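**Q** Below is the file final_31.pdb, with PDB, C-alpha atoms and all ligand atoms.
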ATOM      1  CA  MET A   1     -13.108  11.910  -6.429  1.00  0.00           C
ATOM      2  CA  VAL A   2     -15.057  11.823  -3.248  1.00  0.00           C
ATOM      3  CA  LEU A   3     -16.212   8.860  -1.232  1.00  0.00           C
ATOM      4  CA  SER A   4     -19.498   9.058   0.618  1.00  0.00           C
ATOM      5  CA  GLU A   5     -19.478   8.378   4.345  1.00  0.00           C
ATOM      6  CA  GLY A   6     -21.009   4.902   3.759  1.00  0.00           C
ATOM      7  CA  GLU A   7     -18.080   3.947   1.502  1.00  0.00           C
ATOM      8  CA  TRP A   8     -15.597   5.262   4.111  1.00  0.00           C
ATOM      9  CA  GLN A   9     -17.458   3.121   6.626  1.00  0.00           C
ATOM     10  CA  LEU A  10     -16.955  -0.010   4.572  1.00  0.00           C
ATOM     11  CA  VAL A  11     -13.242   0.804   4.230  1.00  0.00           C
ATOM     12  CA  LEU A  12     -12.637   1.515   7.910  1.00  0.00           C
ATOM     13  CA  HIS A  13     -14.615  -1.493   9.028  1.00  0.00           C
ATOM     14  CA  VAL A  14     -12.370  -4.040   7.247  1.00  0.00           C
ATOM     15  CA  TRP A  15      -9.278  -1.970   8.072  1.00  0.00           C
ATOM     16  CA  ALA A  16     -10.095  -2.390  11.761  1.00  0.00           C
ATOM     17  CA  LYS A  17      -9.827  -6.166  11.145  1.00  0.00           C
ATOM     18  CA  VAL A  18      -6.400  -5.684   9.469  1.00  0.00           C
ATOM     19  CA  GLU A  19      -5.200  -3.708  12.525  1.00  0.00           C
ATOM     20  CA  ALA A  20      -5.767  -6.765  14.709  1.00  0.00           C
ATOM     21  CA  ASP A  21      -2.529  -8.130  13.095  1.00  0.00           C
ATOM     22  CA  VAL A  22      -0.657  -5.459  11.190  1.00  0.00           C
ATOM     23  CA  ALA A  23       2.650  -7.326  10.810  1.00  0.00           C
ATOM     24  CA  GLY A  24       0.991 -10.474   9.435  1.00  0.00           C
ATOM     25  CA  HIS A  25      -1.041  -8.535   6.875  1.00  0.00           C
ATOM     26  CA  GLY A  26       2.013  -6.492   5.923  1.00  0.00           C
ATOM     27  CA  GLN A  27       3.986  -9.724   5.252  1.00  0.00           C
ATOM     28  CA  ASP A  28       1.176 -11.281   3.199  1.00  0.00           C
ATOM     29  CA  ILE A  29       0.745  -8.145   1.123  1.00  0.00           C
ATOM     30  CA  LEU A  30       4.454  -7.550   0.351  1.00  0.00           C
ATOM     31  CA  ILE A  31       5.025 -11.179  -0.492  1.00  0.00           C
ATOM     32  CA  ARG A  32       2.003 -11.169  -2.819  1.00  0.00           C
ATOM     33  CA  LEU A  33       3.353  -8.081  -4.512  1.00  0.00           C
ATOM     34  CA  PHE A  34       6.920  -9.483  -4.914  1.00  0.00           C
ATOM     35  CA  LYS A  35       5.667 -12.814  -6.173  1.00  0.00           C
ATOM     36  CA  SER A  36       3.210 -11.250  -8.605  1.00  0.00           C
ATOM     37  CA  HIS A  37       5.452  -8.473  -9.811  1.00  0.00           C
ATOM     38  CA  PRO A  38       9.038  -9.421  -9.068  1.00  0.00           C
ATOM     39  CA  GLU A  39      10.417  -6.233 -10.584  1.00  0.00           C
ATOM     40  CA  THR A  40       9.059  -4.336  -7.570  1.00  0.00           C
ATOM     41  CA  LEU A  41      11.415  -6.239  -5.265  1.00  0.00           C
ATOM     42  CA  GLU A  42      14.371  -4.539  -6.971  1.00  0.00           C
ATOM     43  CA  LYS A  43      13.363  -1.202  -5.506  1.00  0.00           C
ATOM     44  CA  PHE A  44      14.272  -2.407  -2.078  1.00  0.00           C
ATOM     45  CA  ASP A  45      18.028  -2.382  -1.574  1.00  0.00           C
ATOM     46  CA  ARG A  46      17.518  -3.971   1.783  1.00  0.00           C
ATOM     47  CA  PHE A  47      15.862  -7.241   0.666  1.00  0.00           C
ATOM     48  CA  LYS A  48      16.405  -7.338  -3.035  1.00  0.00           C
ATOM     49  CA  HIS A  49      18.498 -10.476  -2.589  1.00  0.00           C
ATOM     50  CA  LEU A  50      15.656 -12.586  -1.162  1.00  0.00           C
ATOM     51  CA  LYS A  51      15.085 -15.462  -3.556  1.00  0.00           C
ATOM     52  CA  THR A  52      12.140 -17.418  -2.228  1.00  0.00           C
ATOM     53  CA  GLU A  53       8.892 -16.926  -0.392  1.00  0.00           C
ATOM     54  CA  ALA A  54      10.397 -18.748   2.539  1.00  0.00           C
ATOM     55  CA  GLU A  55      13.263 -16.317   2.706  1.00  0.00           C
ATOM     56  CA  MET A  56      10.749 -13.440   2.537  1.00  0.00           C
ATOM     57  CA  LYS A  57       8.709 -14.900   5.286  1.00  0.00           C
ATOM     58  CA  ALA A  58      11.713 -15.200   7.499  1.00  0.00           C
ATOM     59  CA  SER A  59      13.017 -11.726   6.884  1.00  0.00           C
ATOM     60  CA  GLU A  60      12.502  -9.439   9.865  1.00  0.00           C
ATOM     61  CA  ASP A  61      13.386  -6.388   7.879  1.00  0.00           C
ATOM     62  CA  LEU A  62      10.659  -7.184   5.355  1.00  0.00           C
ATOM     63  CA  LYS A  63       8.121  -7.615   8.134  1.00  0.00           C
ATOM     64  CA  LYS A  64       9.134  -4.334   9.757  1.00  0.00           C
ATOM     65  CA  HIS A  65       8.762  -2.494   6.536  1.00  0.00           C
ATOM     66  CA  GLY A  66       5.322  -4.018   6.024  1.00  0.00           C
ATOM     67  CA  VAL A  67       4.257  -2.590   9.415  1.00  0.00           C
ATOM     68  CA  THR A  68       5.743   0.810   8.541  1.00  0.00           C
ATOM     69  CA  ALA A  69       3.945   0.907   5.236  1.00  0.00           C
ATOM     70  CA  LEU A  70       0.592  -0.283   6.495  1.00  0.00           C
ATOM     71  CA  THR A  71       0.671   2.041   9.415  1.00  0.00           C
ATOM     72  CA  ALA A  72       1.184   4.997   7.123  1.00  0.00           C
ATOM     73  CA  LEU A  73      -1.653   3.779   4.815  1.00  0.00           C
ATOM     74  CA  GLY A  74      -3.917   3.319   7.785  1.00  0.00           C
ATOM     75  CA  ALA A  75      -3.261   6.890   8.951  1.00  0.00           C
ATOM     76  CA  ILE A  76      -4.218   8.139   5.537  1.00  0.00           C
ATOM     77  CA  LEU A  77      -7.408   6.159   5.251  1.00  0.00           C
ATOM     78  CA  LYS A  78      -8.585   7.283   8.663  1.00  0.00           C
ATOM     79  CA  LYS A  79      -8.418  10.866   7.410  1.00  0.00           C
ATOM     80  CA  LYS A  80     -11.303  10.046   5.023  1.00  0.00           C
ATOM     81  CA  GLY A  81      -9.998  12.090   2.149  1.00  0.00           C
ATOM     82  CA  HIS A  82      -8.483  14.949   4.228  1.00  0.00           C
ATOM     83  CA  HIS A  83      -4.965  13.664   3.970  1.00  0.00           C
ATOM     84  CA  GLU A  84      -3.040  16.414   2.277  1.00  0.00           C
ATOM     85  CA  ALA A  85      -0.562  16.721   5.101  1.00  0.00           C
ATOM     86  CA  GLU A  86       0.070  13.041   5.387  1.00  0.00           C
ATOM     87  CA  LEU A  87       0.608  12.737   1.650  1.00  0.00           C
ATOM     88  CA  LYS A  88       3.277  15.406   1.430  1.00  0.00           C
ATOM     89  CA  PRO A  89       6.332  13.773   3.011  1.00  0.00           C
ATOM     90  CA  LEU A  90       5.187  10.480   1.518  1.00  0.00           C
ATOM     91  CA  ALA A  91       5.051  11.787  -2.028  1.00  0.00           C
ATOM     92  CA  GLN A  92       8.391  13.472  -1.653  1.00  0.00           C
ATOM     93  CA  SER A  93      10.405  10.423  -0.542  1.00  0.00           C
ATOM     94  CA  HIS A  94       8.716   8.127  -3.026  1.00  0.00           C
ATOM     95  CA  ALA A  95       9.201  10.502  -5.914  1.00  0.00           C
ATOM     96  CA  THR A  96      12.748  11.691  -5.323  1.00  0.00           C
ATOM     97  CA  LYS A  97      14.460   9.152  -3.103  1.00  0.00           C
ATOM     98  CA  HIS A  98      12.899   5.749  -3.828  1.00  0.00           C
ATOM     99  CA  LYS A  99      11.461   6.517  -7.330  1.00  0.00           C
ATOM    100  CA  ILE A 100       8.265   4.502  -7.239  1.00  0.00           C
ATOM    101  CA  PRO A 101       6.209   4.801 -10.438  1.00  0.00           C
ATOM    102  CA  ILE A 102       2.440   5.093 -10.206  1.00  0.00           C
ATOM    103  CA  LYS A 103       2.215   1.688 -11.820  1.00  0.00           C
ATOM    104  CA  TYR A 104       3.883   0.089  -8.783  1.00  0.00           C
ATOM    105  CA  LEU A 105       1.394   1.716  -6.406  1.00  0.00           C
ATOM    106  CA  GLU A 106      -1.306   0.198  -8.615  1.00  0.00           C
ATOM    107  CA  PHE A 107       0.426  -3.230  -8.156  1.00  0.00           C
ATOM    108  CA  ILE A 108       0.460  -3.004  -4.362  1.00  0.00           C
ATOM    109  CA  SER A 109      -3.221  -1.823  -4.371  1.00  0.00           C
ATOM    110  CA  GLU A 110      -4.043  -5.066  -6.175  1.00  0.00           C
ATOM    111  CA  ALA A 111      -2.068  -6.998  -3.594  1.00  0.00           C
ATOM    112  CA  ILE A 112      -3.911  -5.260  -0.777  1.00  0.00           C
ATOM    113  CA  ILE A 113      -7.257  -6.098  -2.315  1.00  0.00           C
ATOM    114  CA  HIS A 114      -6.186  -9.736  -2.878  1.00  0.00           C
ATOM    115  CA  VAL A 115      -5.118 -10.351   0.716  1.00  0.00           C
ATOM    116  CA  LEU A 116      -8.182  -8.604   2.264  1.00  0.00           C
ATOM    117  CA  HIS A 117     -10.338 -10.691   0.049  1.00  0.00           C
ATOM    118  CA  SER A 118      -8.598 -13.909   1.129  1.00  0.00           C
ATOM    119  CA  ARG A 119      -8.439 -13.159   4.805  1.00  0.00           C
ATOM    120  CA  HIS A 120     -11.705 -11.241   5.365  1.00  0.00           C
ATOM    121  CA  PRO A 121     -14.328 -12.535   2.904  1.00  0.00           C
ATOM    122  CA  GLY A 122     -17.096 -11.727   5.316  1.00  0.00           C
ATOM    123  CA  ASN A 123     -16.180  -8.105   5.618  1.00  0.00           C
ATOM    124  CA  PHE A 124     -14.977  -7.784   2.122  1.00  0.00           C
ATOM    125  CA  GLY A 125     -17.889  -8.371  -0.167  1.00  0.00           C
ATOM    126  CA  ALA A 126     -18.399  -6.632  -3.469  1.00  0.00           C
ATOM    127  CA  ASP A 127     -19.558  -3.339  -2.026  1.00  0.00           C
ATOM    128  CA  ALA A 128     -16.710  -3.166   0.482  1.00  0.00           C
ATOM    129  CA  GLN A 129     -14.166  -4.071  -2.218  1.00  0.00           C
ATOM    130  CA  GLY A 130     -15.537  -1.373  -4.467  1.00  0.00           C
ATOM    131  CA  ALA A 131     -15.216   1.116  -1.650  1.00  0.00           C
ATOM    132  CA  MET A 132     -11.609   0.055  -0.796  1.00  0.00           C
ATOM    133  CA  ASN A 133     -10.684   0.272  -4.432  1.00  0.00           C
ATOM    134  CA  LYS A 134     -12.195   3.766  -4.567  1.00  0.00           C
ATOM    135  CA  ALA A 135     -10.131   4.851  -1.557  1.00  0.00           C
ATOM    136  CA  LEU A 136      -6.902   3.531  -3.128  1.00  0.00           C
ATOM    137  CA  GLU A 137      -7.708   5.109  -6.472  1.00  0.00           C
ATOM    138  CA  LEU A 138      -8.143   8.416  -4.571  1.00  0.00           C
ATOM    139  CA  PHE A 139      -4.823   7.879  -2.775  1.00  0.00           C
ATOM    140  CA  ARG A 140      -3.102   7.160  -6.074  1.00  0.00           C
ATOM    141  CA  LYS A 141      -4.706  10.085  -7.881  1.00  0.00           C
ATOM    142  CA  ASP A 142      -3.657  12.520  -5.180  1.00  0.00           C
ATOM    143  CA  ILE A 143      -0.120  11.106  -4.971  1.00  0.00           C
ATOM    144  CA  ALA A 144       0.130  11.279  -8.757  1.00  0.00           C
ATOM    145  CA  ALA A 145      -0.756  14.987  -8.699  1.00  0.00           C
ATOM    146  CA  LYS A 146       1.835  15.548  -5.960  1.00  0.00           C
ATOM    147  CA  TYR A 147       4.505  13.710  -7.982  1.00  0.00           C
ATOM    148  CA  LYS A 148       3.854  16.086 -10.833  1.00  0.00           C
ATOM    149  CA  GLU A 149       4.202  19.170  -8.650  1.00  0.00           C
ATOM    150  CA  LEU A 150       7.424  17.694  -7.311  1.00  0.00           C
ATOM    151  CA  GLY A 151       8.854  17.092 -10.787  1.00  0.00           C
ATOM    152  CA  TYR A 152       8.613  13.308 -11.127  1.00  0.00           C
ATOM    153  CA  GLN A 153       6.651  11.170 -13.597  1.00  0.00           C
ATOM    154  CA  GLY A 154       3.222  12.176 -14.889  1.00  0.00           C
TER
HETATM  155  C1  LIG B   1       0.197   1.690  -0.017  1.00  0.00           C
HETATM  156  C2  LIG B   1       1.384   2.322  -0.552  1.00  0.00           C
HETATM  157  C3  LIG B   1       2.580   2.648   0.139  1.00  0.00           C
HETATM  158  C4  LIG B   1       2.747   3.214   1.315  1.00  0.00           C
HETATM  159  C5  LIG B   1       1.638   3.774   2.259  1.00  0.00           C
HETATM  160  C6  LIG B   1       4.250   3.277   1.530  1.00  0.00           C
HETATM  161  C7  LIG B   1       4.829   3.741   2.785  1.00  0.00           C
HETATM  162  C8  LIG B   1       6.152   3.847   3.037  1.00  0.00           C
HETATM  163  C9  LIG B   1       6.664   4.452   4.250  1.00  0.00           C
HETATM  164  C10 LIG B   1       5.884   5.163   5.360  1.00  0.00           C
HETATM  165  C11 LIG B   1       8.070   4.313   4.211  1.00  0.00           C
HETATM  166  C12 LIG B   1       9.140   4.961   5.218  1.00  0.00           C
HETATM  167  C13 LIG B   1       9.343   6.480   5.100  1.00  0.00           C
HETATM  168  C14 LIG B   1       9.642   6.950   3.680  1.00  0.00           C
HETATM  169  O1  LIG B   1      10.647   6.525   3.114  1.00  0.00           O
HETATM  170  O2  LIG B   1       8.815   7.664   3.099  1.00  0.00           O
HETATM  171  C15 LIG B   1       8.326   3.659   2.847  1.00  0.00           C
HETATM  172  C16 LIG B   1       9.645   3.466   2.349  1.00  0.00           C
HETATM  173  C17 LIG B   1       9.898   2.808   1.220  1.00  0.00           C
HETATM  174  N1  LIG B   1       8.906   2.379   0.336  1.00  0.00           N
HETATM  175 FE1  LIG B   1       6.990   2.810   0.291  1.00  0.00          FE
HETATM  176  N2  LIG B   1       4.947   2.757   0.506  1.00  0.00           N
HETATM  177  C18 LIG B   1       3.967   2.350  -0.380  1.00  0.00           C
HETATM  178  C19 LIG B   1       4.162   1.673  -1.645  1.00  0.00           C
HETATM  179  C20 LIG B   1       5.525   1.357  -2.082  1.00  0.00           C
HETATM  180  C21 LIG B   1       5.818   0.543  -3.191  1.00  0.00           C
HETATM  181  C22 LIG B   1       4.715   0.034  -4.159  1.00  0.00           C
HETATM  182  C23 LIG B   1       7.182   0.434  -3.295  1.00  0.00           C
HETATM  183  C24 LIG B   1       8.116  -0.399  -4.175  1.00  0.00           C
HETATM  184  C25 LIG B   1       7.795  -1.111  -5.391  1.00  0.00           C
HETATM  185  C26 LIG B   1       7.701   1.289  -2.234  1.00  0.00           C
HETATM  186  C27 LIG B   1       9.063   1.313  -1.898  1.00  0.00           C
HETATM  187  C28 LIG B   1       9.618   1.733  -0.678  1.00  0.00           C
HETATM  188  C29 LIG B   1      11.083   1.820  -0.446  1.00  0.00           C
HETATM  189  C30 LIG B   1      12.223   1.331  -1.394  1.00  0.00           C
HETATM  190  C31 LIG B   1      11.228   2.407   0.770  1.00  0.00           C
HETATM  191  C32 LIG B   1      12.466   2.348   1.589  1.00  0.00           C
HETATM  192  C33 LIG B   1      12.576   1.012   2.348  1.00  0.00           C
HETATM  193  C34 LIG B   1      13.745   1.001   3.347  1.00  0.00           C
HETATM  194  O3  LIG B   1      14.768   1.571   2.988  1.00  0.00           O
HETATM  195  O4  LIG B   1      13.480   0.980   4.546  1.00  0.00           O
HETATM  196  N3  LIG B   1       6.689   1.817  -1.433  1.00  0.00           N
HETATM  197  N4  LIG B   1       7.156   3.426   2.146  1.00  0.00           N
END
Can you dump the structure from the file as structure tokens?
Ligand code: HEM
**A**
Amino acid sequence: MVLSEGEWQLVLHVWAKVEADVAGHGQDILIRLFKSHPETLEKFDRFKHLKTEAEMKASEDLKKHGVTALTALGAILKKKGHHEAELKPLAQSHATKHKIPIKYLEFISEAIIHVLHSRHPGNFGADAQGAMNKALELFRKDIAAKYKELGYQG
């Protein structure tokens, strides 16, 4: 696919709001993913044992990870579709070290869209949500093609 510049604008405008507090958004998003789809928590050997949302909130490791993951996602979105390089090392570790199915990336995309909608309703109207979804669909589609070249899934 290909986003127009206007769509990229809508995506990078609400992302700039996220960047005002990356660690808070990363906690909200990972907790929303683990509460909605608890099977995803099992992929993390580091926090797998967390039993409640309070324990998740208080975990520093979980918060660090959230920052690591959002930061990488932000660096990809800022590329505006020219992210080949960035995607490479990311697709490799997720396909052969962590083993993250495409379905899980869909789950976190849904968690990202849920939190942005809750926190930033003014900058996340229907058109901006359609654009963000488009950008994540692109990210998934390109990672899915990379997984296949690498020998994993699809
Ligand atoms: C927006 C999508 C995502 C981004 C941008 C992302 C980004 C990252 C980055 C940059 C790292 C550290 C370097 C590396 O290992 O490659 C990481 C590690 C990891 N990610 Fe992902 N990730 C995403 C989605 C997921 C999902 C959906 C899962 C699990 C259901 C997953 C599981 C993990 C695991 C298990 C590690 C290792 C954690 C630890 O050992 O520190 N990732 N991810």
**Q** Report as a list in words all protein, DNA and RNA residues lying within 9 Å of residue 50 in chain A, evaluated on only C-alpha atoms, omitting residues in the same chain fewer than 6 positions from it.
**A**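 The filter keeps residues 41, 56 and 59 of chain A.
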**Q** Distance limit 7 Å, reference ligand LIG 1 (chain B), atoms considered: all atoms listed in the file. Which residues make the cut? Give them as a list in words.
**A**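 Residues satisfying the distance criterion: residues 40, 41, 43, 44, 45, 46, 65, 68, 69, 70, 72, 73, 89, 90, 93, 94, 98, 100, 104, 105, 107, 108 and 109 of chain A.
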**Q** Could you state which residues are captured by the PyMOL selection byres (((chain A and resi 51) around 12) and not hetatm) in this file, as a PyMOL selection string?
**A** chain A and resi 31+34-35+38+41-42+47-50+52-59
**Q** For residue 102 in chain A, which residue among A:81, A:154, A:66, A:130 is the nearest when counting only C-alpha atoms?
**A**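 Closest candidate: A:154.
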**Q** Can you measure CA of residue 82 in chain A to CA of residue 19 in chain A for me? One decimal in Å is fine.
**A** 20.7 Å
**Q** Decode the PyMOL selection byres (((chain A and resi 80) around 9) and not hetatm) for the given file into explicit residues and return them as a ChimeraX atom specification.
**A** /A:3,5,8,76-79,81-83,135
**Q** Could you take the residues named above and write them with C-alpha atoms, as a PDB file, keeping the file's coordinate frame?
**A**
ATOM      1  CA  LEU A   3     -16.212   8.860  -1.232  1.00  0.00           C
ATOM      2  CA  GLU A   5     -19.478   8.378   4.345  1.00  0.00           C
ATOM      3  CA  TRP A   8     -15.597   5.262   4.111  1.00  0.00           C
ATOM      4  CA  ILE A  76      -4.218   8.139   5.537  1.00  0.00           C
ATOM      5  CA  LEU A  77      -7.408   6.159   5.251  1.00  0.00           C
ATOM      6  CA  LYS A  78      -8.585   7.283   8.663  1.00  0.00           C
ATOM      7  CA  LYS A  79      -8.418  10.866   7.410  1.00  0.00           C
ATOM      8  CA  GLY A  81      -9.998  12.090   2.149  1.00  0.00           C
ATOM      9  CA  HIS A  82      -8.483  14.949   4.228  1.00  0.00           C
ATOM     10  CA  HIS A  83      -4.965  13.664   3.970  1.00  0.00           C
ATOM     11  CA  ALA A 135     -10.131   4.851  -1.557  1.00  0.00           C
TER      12      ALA A 135
END
**Q** At what distance in Å, to one decimal, does CA of residue 113 in chain A lie from CA of residue 142 in chain A?
**A**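 For CA of residue 142 in chain A relative to CA of residue 113 in chain A, the distance reads 19.2 Å.
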**Q** Rounded to one decimal place, report the CA of residue 143 in chain A-CA of residue 91 in chain A distance in Å.
**A**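 Computing the Euclidean distance for CA of residue 143 in chain A and CA of residue 91 in chain A yields 6.0 Å.
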**Q** Would you kindly translate the PyMOL selection byres (((chain A and resi 119) around 12) and not hetatm) into the concrete residues it picks from this file, as a list in words?
**A**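 Selected by the PyMOL selection byres (((chain A and resi 119) around 12) and not hetatm) in this file: residues 14, 15, 17, 18, 21, 24, 25, 28, 29, 112, 113, 114, 115, 116, 117, 118, 120, 121, 122, 123, 124 and 125 of chain A.
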**Q** Go ahead and write the selection's residues with C-alpha atoms as a tab-separated table (two decimals), keeping the file's coordinate frame.
**A**
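Result saved to selection.tsv:
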chain	number	residue	atom	x	y	z
A	14	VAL	CA	-12.37	-4.04	7.25
A	15	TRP	CA	-9.28	-1.97	8.07
A	17	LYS	CA	-9.83	-6.17	11.14
A	18	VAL	CA	-6.40	-5.68	9.47
A	21	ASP	CA	-2.53	-8.13	13.10
A	24	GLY	CA	0.99	-10.47	9.44
A	25	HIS	CA	-1.04	-8.54	6.88
A	28	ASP	CA	1.18	-11.28	3.20
A	29	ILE	CA	0.74	-8.14	1.12
A	112	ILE	CA	-3.91	-5.26	-0.78
A	113	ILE	CA	-7.26	-6.10	-2.32
A	114	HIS	CA	-6.19	-9.74	-2.88
A	115	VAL	CA	-5.12	-10.35	0.72
A	116	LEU	CA	-8.18	-8.60	2.26
A	117	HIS	CA	-10.34	-10.69	0.05
A	118	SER	CA	-8.60	-13.91	1.13
A	120	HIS	CA	-11.70	-11.24	5.36
A	121	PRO	CA	-14.33	-12.54	2.90
A	122	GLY	CA	-17.10	-11.73	5.32
A	123	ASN	CA	-16.18	-8.10	5.62
A	124	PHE	CA	-14.98	-7.78	2.12
A	125	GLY	CA	-17.89	-8.37	-0.17
**Q** Given the choices A:110, A:149, A:7, A:39, which gets closest to residue 96 in chain A if the distance is worked out from all atoms listed in the file?
**A**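 Counting all atoms listed in the file, the residue closest to residue 96 in chain A is A:149.
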**Q** At most 6 Å from (-15.1, -2.8, 1.5), file frame, only C-alpha atoms: which residues, as a JSON list (two decimals) with C-alpha atoms, in the frame of the given file?
**A**
[["chain", "number", "residue", "atom", "x", "y", "z"],
["A", 10, "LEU", "CA", -16.95, -0.01, 4.57],
["A", 11, "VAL", "CA", -13.24, 0.80, 4.23],
["A", 124, "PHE", "CA", -14.98, -7.78, 2.12],
["A", 127, "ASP", "CA", -19.56, -3.34, -2.03],
["A", 128, "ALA", "CA", -16.71, -3.17, 0.48],
["A", 129, "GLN", "CA", -14.17, -4.07, -2.22],
["A", 131, "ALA", "CA", -15.22, 1.12, -1.65],
["A", 132, "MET", "CA", -11.61, 0.06, -0.80]]
**Q** For a quick check of understanding, using only C-alpha atoms, which of A:4, A:71, A:92, A:36 has the smallest distance to residue 145 in chain A?
**A**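 Counting only C-alpha atoms, the residue closest to residue 145 in chain A is A:92.
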**Q** For each of A:9, A:133, A:27, A:153, take the minimum atom-to-atom distance to residue 103 in chain A, counting all atoms listed in the file, then give the residue where this is smallest.
**A** A:153
**Q** Of the residues A:95, A:30, A:62, A:22, which is the one nearest to residue 152 in chain A, using all atoms listed in the file?
**A** A:95
**Q** Find the residue from A:63, A:12, A:20, A:84 that sits nearest to residue 138 in chain A; use only C-alpha atoms when measuring.
**A**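 Smallest separation from residue 138 in chain A among the options: A:84.
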